[PDB]
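Q:
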Amino acid sequence: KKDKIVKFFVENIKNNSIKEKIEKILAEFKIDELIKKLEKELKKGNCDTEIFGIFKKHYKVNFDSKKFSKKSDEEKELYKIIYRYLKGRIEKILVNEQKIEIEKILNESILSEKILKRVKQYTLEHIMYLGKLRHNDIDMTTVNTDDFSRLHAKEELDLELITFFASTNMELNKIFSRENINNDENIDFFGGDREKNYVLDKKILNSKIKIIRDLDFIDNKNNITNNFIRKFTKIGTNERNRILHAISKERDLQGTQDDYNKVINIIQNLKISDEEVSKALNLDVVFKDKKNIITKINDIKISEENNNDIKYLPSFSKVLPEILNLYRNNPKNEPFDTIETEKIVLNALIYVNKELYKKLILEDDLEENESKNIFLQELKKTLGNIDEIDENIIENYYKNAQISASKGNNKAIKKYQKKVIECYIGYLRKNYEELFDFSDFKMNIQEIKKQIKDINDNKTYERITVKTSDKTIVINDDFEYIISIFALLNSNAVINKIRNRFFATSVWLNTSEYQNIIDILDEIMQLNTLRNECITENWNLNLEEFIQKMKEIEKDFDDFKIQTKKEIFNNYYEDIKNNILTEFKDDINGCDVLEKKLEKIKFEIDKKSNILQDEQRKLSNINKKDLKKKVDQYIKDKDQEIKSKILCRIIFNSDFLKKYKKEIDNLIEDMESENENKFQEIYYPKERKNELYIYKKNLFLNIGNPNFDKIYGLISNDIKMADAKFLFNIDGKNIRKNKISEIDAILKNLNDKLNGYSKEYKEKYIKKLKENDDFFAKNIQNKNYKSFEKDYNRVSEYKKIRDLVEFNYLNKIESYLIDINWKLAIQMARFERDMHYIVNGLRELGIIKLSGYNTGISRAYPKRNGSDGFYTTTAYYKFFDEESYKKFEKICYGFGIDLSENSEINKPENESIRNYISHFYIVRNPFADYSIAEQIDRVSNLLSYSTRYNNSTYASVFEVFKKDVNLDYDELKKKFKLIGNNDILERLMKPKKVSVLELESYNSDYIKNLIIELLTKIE
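Below is the structure:
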């Protein structure tokens, strides 16, 4: 303590007396004197630092600032940090001697201003340090230096999670709204803020709402159910509080669900997949030149059990690269035509293994268990020594290794997993080496054609299938329960940002608690993309738009939620009845006609009792197996029928589609009589908008963003104007077969020229750039840049048009708005986290009186609710007397944290910076009222209270663009403001940077123009 020296400062900091006291300590130093003493250039130079420290002469020698004392412990620290900072200015002085700054001054007026902050940073850091400790229960007496780095990964994680609450909160406001008026119109479930009604909002898009009715969050009269407020909100409000506060404690004692509602989630994760054969969009049937082998995978069989089948061993994500690696690792096969179409082969390959892994472990002993072995027997054999095969090695071994993991050696858990992965690759190469065998086949299109041929063959392709077992998801916690709901209401781009943080926090703590929710998150992601990849493309298919719009208009007439097998049996009774009576020829069914109810009998649950019948005998001849296999069959054919209803409705909308049909034409239609051949085979086929319009994938998915009419605007005119001849006139078409691959091909090989980097990269360039020519990439006259750069500029120009045409720019902008808002939302949740460190820190120094705690309020600092009960009714820290609040606020106002209510965090609604970002308006209502550069500035100024948050956000935001443009990481260190002037400030980001020769790259410029246009636009 130390603990005191902070307390002294606050009394002064609030009272505006440190500034005078800081200024006077500088006059005594004495600051003016030194520069005359050494300033004019430092000597010959010379310019040797050694000559300093004159300062000791300056301060020793102050002269000595008198004898030590009498200032007492407290004022010596001000002189101590000033000497520290005056060294810093003198540390800056000699940055001129080696450059091209100038050299000039440290005028007193400036120095105090810089110094005031260092003092303010000094005490605020310690306050939050005591705050950070107390908040989480940490002990100052014994604290590890490990226990921090194990805490930095939770404190780091908590922000990505808290924002996951904020983004979900947004997704429910898109489908719900206040029943009756309030001061602030955006509901805050997890507030908790539990209330009436609330009530529904426009009944579309029906993607979210099917989820929200699937879980019983709506009584399909569309009146929010009781479970919504009793569970969903009441859990999230508890779980969101566990995070904001640091709560280590048992899970609110017991919690819902009683595992009957865990199943409500799991059934959702099942019924968002498609039949093993709804899915040939992978174009498995094209395997074509092979193979029965797919057929071989199905035949082996497996069963469900109480526990421990494929549970302990690593999740698939970890064997994904090596199964991916081995096909690539072999050179047996050669590079495909650019993918695009290379992917289609790979995606089938990845999919197959995902199932192959799943089969092998659920496998029961097969036949006599020979020859080659069931996969576990062989795993167990590797783990055991010779003659010790069998027994429960896997169940025990993982547990042994958690005990091994528990001890602290952080590679223990990981070592076991790496042992299983490697065995699988060994298990796969011996038994299924052929599987990766490749002809491969025609490169593309011609490879296509076929893919096409199966299509329009309504009669069977005949398409192959992979026997699809069914999923065993499990939710052990309540924490794994809402995260699984939250992902069922968010974007893939939003799930992926928290999934990769669940994973990144796993490797940091070396723990694996989060390993199951990852797999659930990795699960939900993959079921969405297949459904956006399978259904849209050549499924229902775009074509004959004017006609297809009619069909979906007909599809309008009552559909709601996913529906129980017995609930299906009651609803289609006469149809099931009539279908059974037409299958049983004996006049026994005459009795069975009327008494079919009761005599057969949520998810089936089928049986024939059969009782409540009295004529068993007449009824009896029918038998049992043949009837409970011919209803159970029937519901199999009237539960996929309503599943394809899910696809026609939902993903395809009559209103969604029209927007596509309208939007394209504005690009197509002529500006005069002229008949525009261009956009032929690009938007439409040969016939004329007659019409067929080819699927442009990036347009459909982004329709009804909504709205994107602000996003499409940045690309609307640039598309129409561009001379899109990419297919024509065969000058170009060959450009794709050879030129894009060839030019692209040439560079990477060149790319691989390093090593050596130092001057083979520099030297080789000069030889091809400047002298004669060399033919390393021999066919094209490599080097002879006159013949290459000219060659390059033609492949650059074609690609640049193709990103405009294919609406690819619709995605970068839609993902800039997600990425930019997220990394700003994290700061707002970081600021509220930092608030708890200040209030616990101040109280711990006795500077502030707190009464008690107000669980379920979340916010650390009181908002001025009307009128006079705001210090206790509205905050977590009840704060005692009002005077205790007014002191708290002045201290905060001492730093850059105002709680005043004039500006800028408690501004009405949406004026507030915090409200605009935390409710996620940058992505849902971009370009209105406030720019994006204006908001990035407002965030950082709010976080200017700590010196280590300096330029924190400006860099956090700009790594979004790190892949599309090359940043100027040395311009991110000066002091700048984006929104206020400085449109020519970037500079910060400069054009990409394509390849080893510093080839310009296409599109590098546009994105720089687009990334900027995004930041300043305001409508």
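Quick note on numbering: the sequence shown equals residues 350 to 448, 457 to 958, 966 to 1383 in the entry's author numbering.
C-beta: ideal position from N, C-alpha, C; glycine also.
#1: For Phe1340 versus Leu1349, is the C-beta spacing smaller than 9 Å?
#2: So within the region 674-711, which uninterrupted alpha helix (DSSP H) runs reach at least 4 residues, ignoring any that extend past its ends?
#3: Can you tell which of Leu516, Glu837, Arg570, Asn540 has the C-alpha that lies nearest to the C-alpha of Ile600?
#4: For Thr825 versus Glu662, is the C-beta spacing smaller than 9 Å?
#5: Hey, how far is the Cα of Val1159 from the Cα of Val556?
#6: Tell me whether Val1324 sits in a helix, a strand or coil according to DSSP, three-state version.
#7: Assuming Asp1183 and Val1324 make a contact with CB atoms under 8 Å, what is their CB distance in whole Å?
#8: Bridge partners of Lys1354, per DSSP?
#9: Looking at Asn1054 and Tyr1047, is the spacing between their C-beta atoms short of 9 Å?
#10: So does the region 477-489 actually touch the region 1205-1214, counting three or more Cβ pairs closer than 8 Å?
#11: Report the residue from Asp1019, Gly402, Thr1317, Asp834 whose alpha carbon sits nearest the alpha carbon of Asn1305.
#12: Measuring only the C-alpha atoms, how far is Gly612 from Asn526?
#13: Quick test of your reading: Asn1071 and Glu1178, contact by CB under 8 Å. State the CB separation rounded to the nearest angstrom.
#14: With DSSP as the reference, identify every bridge partner of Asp1138, one or two as the case may be.
#15: Run through the region 1100-1136 for me and flag every whole alpha helix (DSSP H) of 4 or more residues, listed as ranges in chain order.
#16: Per DSSP, what are the beta-bridge partners of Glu720 in this structure?
#17: Applying the criterion that 16 or more other CB atoms from any shown protein chain within 10 Å of the CB defines a buried residue, is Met1035 buried or exposed?
#18: Based on DSSP bridge pairs, tell me the residues matched to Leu557.
#19: Measure the CB-CB distance between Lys1128 and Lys1117 and report whether it falls below 9 Å.
#20: Label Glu724 either buried or exposed according to how many other C-beta atoms from any shown protein chain fall within 10 Å of its C-beta, with 16 as the threshold for buried.
#21: Would you list the residues sitting across from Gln1044 in a DSSP beta bridge?
#22: Please state the DSSP three-state secondary structure of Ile933.
#23: Between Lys628 and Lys828, what straight-line distance do the alpha-carbon atoms span, to the nearest angstrom?
#24: Classify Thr652: buried if its beta carbon has 16 or more other beta carbons within 10 angstroms, exposed otherwise.
#25: Closest to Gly402 by C-alpha separation, out of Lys1372, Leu1031, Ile439, would be which residue?
#26: Can you round the beta-carbon distance between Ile874 and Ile840 to whole angstroms, since I take them to be within the 8 Å contact cut?
#27: Using a threshold of 9 Å, state whether the C-beta atoms of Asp970 and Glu956 are closer than that.
#28: Closest to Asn749 by CA distance: which of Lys1356, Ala1292, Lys737 is it?
#29: Hey, does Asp694 have any beta-carbon neighbour from chain B nearer than 9 Å?
#30: Going by Cα to Cα distance, which pick from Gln980, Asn985, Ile1079, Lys1000 is closest to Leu1168?
#31: Under the three-state reduction of DSSP, which class applies to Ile575: helix, strand or coil?
#32: Please check the pair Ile659 and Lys716, which I expect to be a contact at CB under 8 Å, by giving their CB distance rounded to whole angstroms.
#33: Nearest to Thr921 by CA position, among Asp996, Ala1141, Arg1228, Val823, is which residue?
#34: Between the region 1010-1023 and the region 975-985, can you find at least three pairs of beta-carbon atoms closer than 8 Å?
#35: Check whether the region 1240-1256 and the region 1214-1229 are in contact - that is, three or more C-beta pairs closer than 8 Å.
#36: Who are the Cβ neighbours of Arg856 in its own chain at under 7 Å, not counting the five residues just before and after it?
A: Per the coordinate set shown:
#1: yes
#2: 677-686
#3: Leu516
#4: no
#5: 54 Å
#6: helix
#7: 4 Å
#8: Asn1330
#9: no
#10: yes
#11: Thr1317
#12: 22 Å
#13: So it is not a contact: roughly 12 Å between Cβ atoms.
#14: None, per the DSSP bridge assignment.
#15: 1105-1115, 1124-1134
#16: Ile659
#17: exposed
#18: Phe533
#19: yes
#20: exposed
#21: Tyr1048
#22: helix
#23: 10 Å
#24: exposed
#25: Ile439
#26: 5 Å
#27: no
#28: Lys737
#29: The displayed structure is made up of one protein chain only, and chain B is not part of it.
#30: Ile1079
#31: strand
#32: 6 Å
#33: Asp996
#34: no
#35: yes
#36: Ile875, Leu878, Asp879
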